[PDB]
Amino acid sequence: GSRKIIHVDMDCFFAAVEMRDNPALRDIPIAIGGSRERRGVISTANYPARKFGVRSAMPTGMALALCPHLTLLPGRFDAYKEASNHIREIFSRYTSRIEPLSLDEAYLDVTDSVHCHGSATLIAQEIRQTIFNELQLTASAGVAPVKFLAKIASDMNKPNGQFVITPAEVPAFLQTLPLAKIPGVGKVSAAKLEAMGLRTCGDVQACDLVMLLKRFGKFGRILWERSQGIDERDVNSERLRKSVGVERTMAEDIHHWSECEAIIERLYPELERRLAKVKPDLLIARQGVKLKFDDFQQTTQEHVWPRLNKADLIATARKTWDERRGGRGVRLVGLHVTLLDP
């Protein structure tokens, strides 16, 4: 009943692709992110950049203060998508039990594989190899009896390495495991738990499930379970995108409806183009808009609607602008579509 789960995760993904395609970027600090002037943030950075403290989700201003000679790149998403498609094709050779989580990551359930004598360690190392062949990119991997441990493990020995967690090692691994390493536990949750002296899975083990459930709910049950090493989430393989969105943050806050409208006129064709790729008839379940104000409060207004329609998006936007702006400047305008049910 104990499974064999692999998590595969490409190293410095976007940056890695950019270094392969331009070796002159190999030993200098580079990052993919928007410019400071455009209120950008770092999508990611190579190891030379990370040495300076540059991290994903860091505002570009801070990144440059930390690393003045940082070479900043706009991003080339078709290339990254090519790499992704390729590595998913590689995954398909060993199993059909594959759950992509993003361009550069995936779960594989190799519990019932005949490859590599059923050795998950060898399957994984062999998948890291041939990804380096064929693509000239490096991957890292985690091997564990369940999903979340495989995910934690893939991070343990990067870059270009893997880490294995056997059932026997699980209790010792968990006792020290800080709750923040658990996928789904972010800064807010971790801070809230750490307030009440809970730092590790060891602490949650000695904790009451009913207080945990009354306080956090479904999430609390999940925390308890993962703290016991319990994670029965199966690898899916049949997951479908549920929504499509296009938003933009402007270099300067806007204060006039005409500006918002102009933005939307530019946003719509991009949304139509991306929706058309999977939905040529543009039929949808809902559509709506998003505004984020200078106080960083964000509002969305969405409604049932049968087909992507620009005029309705503009009217909805105008109602939102007039009713919710409250004299504030607007830093972001967005359009959104909820895909049909099936």
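Each residue number is its position in the shown sequence, starting from 1. Heads up, when I say rigid core I mean the largest set of C-alphas that superpose within 1.5 Å between the two forms.
Rigid core fitted first, then name the stretch among 32 to 40 and 275 to 283 whose C-alphas deviate most from the displayed form in 4 other deposited structures of this protein. Stretch with the higher C-alpha RMS distance in 4 other deposited structures of this protein: 275 to 283.
Using RMS Cα distance over all structures and residues, flag whichever of 150 to 158 and 250 to 258 lies farther from this form in 4 other deposited structures of this protein after a core fit. Comparing 150 to 158 with 250 to 258, the larger C-alpha deviation in 4 other deposited structures of this protein belongs to 250 to 258.
Could you settle it for me: does 66 to 74 or 282 to 290 have the higher average Cα B factor in the PDB entry? Taking the mean B-factor of the alpha carbons in each, 66 to 74 is higher.
Could you settle it for me: does 173 to 181 or 259 to 267 have the higher average Cα B factor in the PDB entry? Averaged over C-alpha atoms, the B-factors run higher in 173 to 181.
Using the entry's values, work out which of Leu212, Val146, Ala83, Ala153 has the largest Cα B factor. Reading the PDB entry, the winner on C-alpha B-factor is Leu212.
Determine which member of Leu103, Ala191, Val164, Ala79 has the highest CA B-factor, using the values in the deposited entry. Highest C-alpha B-factor among the listed residues goes to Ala191.
State the tercile, meaning the lowest, middle or highest third, of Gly327 with respect to the CA B-factors recorded for its chain. Middle third by C-alpha B-factor.
Record-listed C-alpha B factor of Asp27: chain third: Ranked within chain, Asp27 CA B lands in the highest tercile.
According to the PDB entry, is the CA B factor of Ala195 in the bottom, middle or top third of its chain, that is, lowest, middle or highest? Highest third.
CA B-factor ranking of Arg128, expressed as a third of its chain: For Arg128, whose C-alpha B-factor we compare with every modelled residue in the chain, the answer is the middle third.
Quick check for you: using the entry's CA B-factors within this chain, is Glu232 in the lowest, middle or highest third? According to the entry, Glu232 has a C-alpha B-factor in the chain's highest third.
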